[PDB]
Amino acid sequence: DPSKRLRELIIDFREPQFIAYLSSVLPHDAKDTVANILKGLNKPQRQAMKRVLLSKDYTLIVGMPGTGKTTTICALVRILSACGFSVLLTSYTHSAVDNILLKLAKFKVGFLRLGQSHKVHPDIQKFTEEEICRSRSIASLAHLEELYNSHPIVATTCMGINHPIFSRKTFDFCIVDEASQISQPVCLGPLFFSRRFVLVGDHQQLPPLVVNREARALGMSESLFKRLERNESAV
Amino acid sequence: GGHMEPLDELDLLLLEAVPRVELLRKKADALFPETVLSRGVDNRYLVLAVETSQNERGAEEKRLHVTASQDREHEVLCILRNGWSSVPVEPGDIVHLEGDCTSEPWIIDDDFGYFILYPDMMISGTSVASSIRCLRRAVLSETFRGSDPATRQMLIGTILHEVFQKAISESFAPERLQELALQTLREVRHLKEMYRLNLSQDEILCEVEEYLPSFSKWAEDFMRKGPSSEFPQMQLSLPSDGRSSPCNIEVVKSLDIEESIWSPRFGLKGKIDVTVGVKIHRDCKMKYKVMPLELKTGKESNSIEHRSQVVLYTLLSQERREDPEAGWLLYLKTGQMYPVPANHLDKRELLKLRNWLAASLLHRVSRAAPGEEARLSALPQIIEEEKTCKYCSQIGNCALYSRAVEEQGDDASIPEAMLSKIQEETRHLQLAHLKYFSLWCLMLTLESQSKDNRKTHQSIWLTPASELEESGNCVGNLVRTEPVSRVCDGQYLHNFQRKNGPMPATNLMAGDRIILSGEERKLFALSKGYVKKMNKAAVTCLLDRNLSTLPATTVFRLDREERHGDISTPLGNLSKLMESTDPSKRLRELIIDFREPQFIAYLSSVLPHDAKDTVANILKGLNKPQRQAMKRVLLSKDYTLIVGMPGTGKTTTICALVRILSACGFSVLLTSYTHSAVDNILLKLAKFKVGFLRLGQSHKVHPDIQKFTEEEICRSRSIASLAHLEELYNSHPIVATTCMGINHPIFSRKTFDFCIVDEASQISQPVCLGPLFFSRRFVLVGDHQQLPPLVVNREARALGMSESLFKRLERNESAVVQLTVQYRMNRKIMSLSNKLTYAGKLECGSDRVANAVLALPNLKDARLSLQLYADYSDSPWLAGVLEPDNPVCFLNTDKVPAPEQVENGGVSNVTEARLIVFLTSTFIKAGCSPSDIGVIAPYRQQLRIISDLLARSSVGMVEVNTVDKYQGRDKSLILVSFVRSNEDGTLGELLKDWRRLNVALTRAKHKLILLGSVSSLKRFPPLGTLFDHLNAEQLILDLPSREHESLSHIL
DNA sequence: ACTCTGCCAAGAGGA
Ligand SMILES: Nc1ncnc2c1ncn2[C@@H]1O[C@H](COP(=O)(O)OP(=O)(O)O)[C@@H](O)[C@H]1O
Ligand SMILES: Nc1ncnc2c1ncn2[C@@H]1O[C@H](COP(=O)(O)OP(=O)(O)O)[C@@H](O)[C@H]1O
Ligand code: SF4
Ligand SMILES: [Ca+2]
Ligand SMILES: [Ca+2]
């Protein structure tokens, strides 16, 4: 069923659904915390949070240059976390994902970072599986599990989808930063592990790089963000 | 009976008397005890005779002789015709007639009347409905109740039922429905099932949402306000007119939600989803009927099963209101609503089918002749229909039961394709496995079917609350005026005052399972629940239903839910043990085939390096046997048996093991049978700042452990999302629950490195199995010299049912570690059980423990105060009793006439009672805190006597209890009234038990006083042996005659 | 021949 649903949304362009706003959209006890986050945001930013909360499928956030992509994703992650959702946070590059995490660290939001620690920002390294294992002498299956379950927010790159965690966990949401720069079948990867998803991108900026002329002629630089953009109601 | 050899035998063996009536009255009693036979609406008739014959027309008919008096005054001839002739009724059965006989050759046939076999067995309508396609499936469903597992479709269904039920009170406006869906999806009860099933929260919300427009279409058609011709036209022909002319159906309102009904008229029970007020419009005219509505999610089938359920609901309704004559089936998927008329033919066939189910559920034990060995009875035959069996969720148990228990003696008869299917299903099992499963099913059934687990609800629906108020278990003349507050739906707090002379004179403690009825017969079995507070003015209960629909005018009655002998958990455990998975195979091999548990030799690398120091610090605190127990566990590949002899610090030892395992990074499932045992370990672990999660209902849990429960954390932290619930379940490697709590969703998703079972030697063996399915290795803590699991049935006990799992595994000596250092008893008290029971193995943990004596600061003064009553100056017995340097003392009552009183199968001794009450006063006056004193007696009846006399002497606060209620506990001073004292020599079986005595002799820290008749008691092997040891050190002191000055003021 | 603690429960669909 998860693959069928993705084929229908991505291949057959089935219209993504959204409900009308109601008091009960967010768990009652989260409402105030979310309000305080929203107040900090500008109107388009708030409108992006709203669209995500109302979605049944996906949301496309167009981050035009200088609009504070990392601020906006950080804020969304805070809202989702306050709501008690689990979140899979991804991008193609290490430093993009790490940029969001630096902000989230400042807000004392917990997350686990997967990946080899030498590829990771120095101030994010202490949050990695690798460093926590070394630092805490993890040497038992139950302690390893404990680490994997310790944060609803799990952060990795798009290519990191072979981690054992993805054989065992699914997420309420996946967020993909830089979705308009990522090769469409690479962008698919995290999407198998979440119910709903959010792509952040800008098709007026650089597309995935495709070196072969014939492949480019066939459509290979159409990012997943771009493909989904005909569904205006998600944008 | 007798086997004849000459012709004289044949002549004299000819019988005929009337004593066959008693043979059946006893038989009826064995399964429906204390059933008062009567005439009228709730008639009860005992069957005396049954004969099949040919009718005036050449066809089969059954005739019965019945009576509605315990007296042999009436014999009524009842005749059962057509289909009714095949009712499997036997002489000795309790029956009820729908239509009590007014005429004297009473006929029940295809056209008129119902015959109800065992009216007091209330069978759920859904079981009856499911028995249509297969009787055997229905019986298997009723017995192995957790073999139809929770599905995704079933969760959807549950949620949608709740949304519809919230909506029909409020509104079906789309925005309100969406609201209700959003809120319902976050309820923990639903989140738990999503977790169980590993589903995504929003996926389930989406599925629920797809249905909402159908909810609105339905309400649009049936609940719109408008012209009566605008409601949907149907044909709905009821016995009430003369009809057969289409009419318009309007649903006015819901009158009720989730209405549960017990029917002692039909032997039925059920839950009506929604009770509706309906207007039936026809030719400008209107009729209003109150009708049952059944909600169904999934396929719109209008099936025989579905329709039959509704028909049964219209029967159930007659117990509350007038016959609705029909009900409604609503398929929520499409909003389609189908009328279900309840014809005589349908009710007839359905109640015939209910009789067969009642019969098959009741006749579980076969007996070759009366007094030969018990066997399990065959289930109803495996059926011919391939299609039915293929889709059947009970196939595992069906094949299992076929192969283990009923396996053909001469004739198979089973369909060949089904026959080889049995083979496929059961081929993984060995002979010993089949035998074990079969033996434990029989013993469990015997124990389940025992007379104490058999009492009926008759007393509630027949005798007024007036009669049982002078008994200890019922209260009547109750009322409510206050608003009904709610904790979470399924819990509703109700306040009940007396509005009359305040009647709390009843035996009913808080946390007691109770059944609320109205005193009006038409308001029987309104709600189950427990009692929270028990004031002298009022009584407050948490009940599953909101009873504000009822007028303030109604008068209520409280009645206790008695032990019906539920065995579904242990049966479930046995079934699970027979499954073809590696974890089950490994348990069969260890438990059934006694495969030797393995252990490695110790090495540096046994524990993770970084844990070694932390573990060392824990070990240093322990004594040598304790350390040795930790070591055995760490070296095991299978299990470990820790023998916790009395006073050896069971809870200290388990706490320490849990710390070691936790430091090592293992996950641990911590269990016992009782709440307070598990809670006792947790109190220690809390002090060591070790984290754990506690499962279970928070009101059953120790006050200082409540904050650690799932329930409190959910409330306290507003958990309202699947991910937050998961987070709570994963937050601690240590999970703590009772043995019966194995149905928690966590066990569908998690496994543990280790399971620890406290009190394993007190737990029924198939109950002890339950947690063991969820861990790789296990640890049982117990002592087979202490009390075994209680088994009330003699035959089951004879078959081996009190062998605990701890005991069974003990032949594997290499797994056994004995805790022998004890911190309870002084050298003299310990010495006693060391001689009687523990073969010298117990040691005092210190000089302080060894040399401790009863602290009596005010002895001189208390001693002097006695002189007012009699001359105790130079009294052999009294000085001996009071002397702290005399820790063990036996008071022989032979010279004081101190006989027993026997009433109702229990035993008392007034004289013994007066003696301990005196002794207890003297000790309190001497400076012993009342909380440091425990009174034990073997017989439950004696305790009542002791309790009363202590109340009378202003000294009620000393604990008075049986041996069983002192398990694992101690007191400074223990006084034992060994009640038995008689001339004629009637011995119980109770005092024959070595373990019972052992537990009595080991509850005392400092002083132990024993009282009874040496000449009566010495006839019991444990006491005889006790007397040999007490004598060898002159510890038996003879009381004088009751006339003597030192006793006369007491006696 | 007398000793008693645990489970929420009838149905949530499947055809
Ligand atoms: N809602 C907002 N209100 C005020 N300032 C904002 C908002 N969103 C973004 N900004 C500003 O715009 C910049 C966004 O860039 P970004 O890459 O998100 O963060 P930074 O560059 O601070 O790491 C920030 O420096 C911040 O000052
Ligand atoms: N290894 C040990 N060293 C010293 N004292 C012990 C040891 N094990 C048990 N004890 C003592 O014996 C008693 C054991 O009883 P237990 O039920 O385990 O704990 P408590 O009664 O303190 O709750 C404790 O009071 C404790 O003082
Ligand atoms: S398998 Fe066939 S026979 Fe066995 S119970 Fe299920 S339906 Fe009845
Ligand atoms: Ca229903
Ligand atoms: Ca149902």
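To find a chain, count down the sequence lines: A is the first, B the second, and so on, and within it residues start at 1. The basis for the numbers below is simple: all heavy atoms, side chains too, and nothing from hydrogens, waters or symmetry mates.
Residue contacts for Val792(B): at a heavy-atom cut-off of 4.0 Å it reaches a base atom on one of the strands shown. Note on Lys296(B): only backbone sugar-phosphate atoms sit closer than 4.0 angstrom, heavy atoms only; bases stay farther off. Residue contacts shown for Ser393(B) include a base, since a base heavy atom lies under 4.0 Å away. Across all strands shown, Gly905(B) has heavy atoms under 4.0 Å from base atoms, whether or not it also approaches the sugar-phosphate. Heavy atoms of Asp273(B) sit under 4.0 angstrom from primed sugar atoms or phosphate atoms, though from no base atom. Among the heavy atoms of the strands, none lies under 4.0 Å from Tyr331(B). Contacts of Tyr939(B) with the nucleic acid, taken as non-hydrogen atoms under 4.0 Å apart, involve only primed sugar atoms and P, OP1 or OP2. Within 4.0 Å of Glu903(B), counting heavy atoms only, lies no atom of the nucleic acid at all. No engagement by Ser301(B) is indicated, since no non-hydrogen atom pair under 4.0 Å with the nucleic acid exists.
Set against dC4(C), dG13(C), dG6(C), the side chain of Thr297(B) has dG13(C) as its closest nucleotide. Distance from the side chain of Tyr391(B) is smallest to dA15(C) among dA15(C), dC2(C), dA9(C). You'll find that the side chain of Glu989(B) is closest to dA1(C), out of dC4(C), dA1(C), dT3(C). With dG6(C), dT5(C), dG14(C) as the choices, the nucleotide that has an atom nearest any side-chain atom of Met740(B) turns out to be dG6(C). When distances are taken from the side chain of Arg980(B) to each of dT3(C), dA12(C), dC2(C), the shortest belongs to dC2(C).
Side-chain atoms of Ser141(B) and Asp148(B) form a donor-acceptor pair, as typed in the model, at a separation below 3.5 Å. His675(B) and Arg694(B) are linked by a side-chain donor-acceptor pair at a separation below 3.5 angstrom, with hydrogens and angles left out of the test.
In this structure, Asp758(B) atom CG and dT5(C) atom P are separated by 17 Å, rounded to whole Å. Rounded to whole angstrom, the span from the OH atom of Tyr211(B) across to the P atom of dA12(C) amounts to 14 Å. Taking atom CG of residue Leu526(B) and atom P of nucleotide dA10(C), one finds them 15 Å apart after rounding to whole Å. For the pair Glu162(B) CD and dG13(C) P, the computed distance is 14 Å after rounding to whole Å. One can place CZ of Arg513(B) at 11 Å from P of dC7(C), the figure rounded to the nearest angstrom. Remark: P of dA12(C) and CD of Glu207(B) are 20 Å apart, rounded to the nearest angstrom. At whole-Å resolution of the value, CZ in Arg797(B) and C1' in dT3(C) are 9 Å apart. Separating the NZ atom of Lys387(B) from the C1' atom of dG14(C) is a distance of 14 Å, rounded to the nearest angstrom.
Both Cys392(B) and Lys269(B) lie near DNA chain C, and the one whose nearest nucleotide falls closer to the 5' end is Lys269(B).
The phosphate of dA1(C) (OP1 or OP2) has a side-chain N or O of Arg794(B) nearer than 4.0 angstrom. For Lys992(B) and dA1(C), the shortest distance from a side-chain N or O to OP1 or OP2 is not below 4.0 Å. For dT5(C), the OP1/OP2 oxygens have no side-chain nitrogen or oxygen of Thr738(B) closer than 4.0 Å. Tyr313(B) has no side-chain polar atom (N or O) that falls below the 4.0 Å cut-off from OP1 or OP2 of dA10(C). Between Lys965(B) and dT5(C) there is a side-chain polar atom (N or O) within less than 4.0 angstrom of OP1 or OP2. Of the side-chain N and O atoms in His161(B), none sit less than 4.0 angstrom from OP1 or OP2 of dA10(C). The shortest distance between the side-chain N/O atoms of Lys528(B) and the OP1/OP2 oxygens of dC8(C) is not below 4.0 Å. An OP1 or OP2 oxygen of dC4(C) is reached within less than 4.0 angstrom by a side-chain nitrogen or oxygen of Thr962(B).
Classification of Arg189(B) and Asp489(B) as a salt-bridged pair holds, one side-chain N sitting under 4.0 Å from a carboxylate O. Using a 4.0 Å cut-off between charged side-chain N and carboxylate O, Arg545(B) and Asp256(B) make a salt bridge.
Interface residues of residues 126-156 of chain B facing DNA chain C, ordered by number: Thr126(B), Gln153(B), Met154(B); criterion, heavy-atom separation under 4.0 Å.
The base of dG6(C) is paired with the side chain of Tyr673(B) by a donor and an acceptor separated by under 3.5 Å.
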Dot-bracket notation for DNA chain C, counting Watson-Crick and G-U pairs under 3.5 Å, with | for partners on another strand
...............

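Under a cut-off of 6.0 angstrom, the local environment of CD1 in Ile304(B) is sparse, with at most 12 non-hydrogen atoms contributed by other residues, nucleotides or ligands.
Residues passing the salt bridge (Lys or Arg N to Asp or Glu O under 4.0 Å) test with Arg969(B) are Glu959(B), sequence neighbours excluded.
For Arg354(B) (side chain) and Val128(B) (main-chain N/O), no donor-acceptor pair under 3.5 Å exists by modelled atom type. Side chain of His306(B) to backbone of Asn302(B): no donor-acceptor contact under 3.5 angstrom is found.
Using the sign of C1'-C2'-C3'-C4' as the criterion, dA12(C) falls on the north side of the pucker cycle.
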Step by step, work out the ring-ring contact (aromatic ring centres under 6.0 Å, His included) result for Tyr530(B) and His699(B).
CA-CA 10 Å; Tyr530(B) 72 92; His699(B) 74 93; 4.0 Å; yes

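Remark: of the listed residues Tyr313(B), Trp328(B), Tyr338(B), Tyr313(B) is the sole one forming a side-chain contact (heavy atoms from CB on, under 4.5 Å) with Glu294(B).
Taken to the nearest 0.5 Å, the CG atom of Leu547(B) stands 5.5 Å off from the OG atom of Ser527(B). From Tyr331(B), atom OH reaches atom OG1 of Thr297(B) across 10.5 Å, with rounding to the nearest 0.5 Å.
Across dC8(C) and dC4(C), the matching P atoms stand 24 Å from one another, rounded to whole Å.
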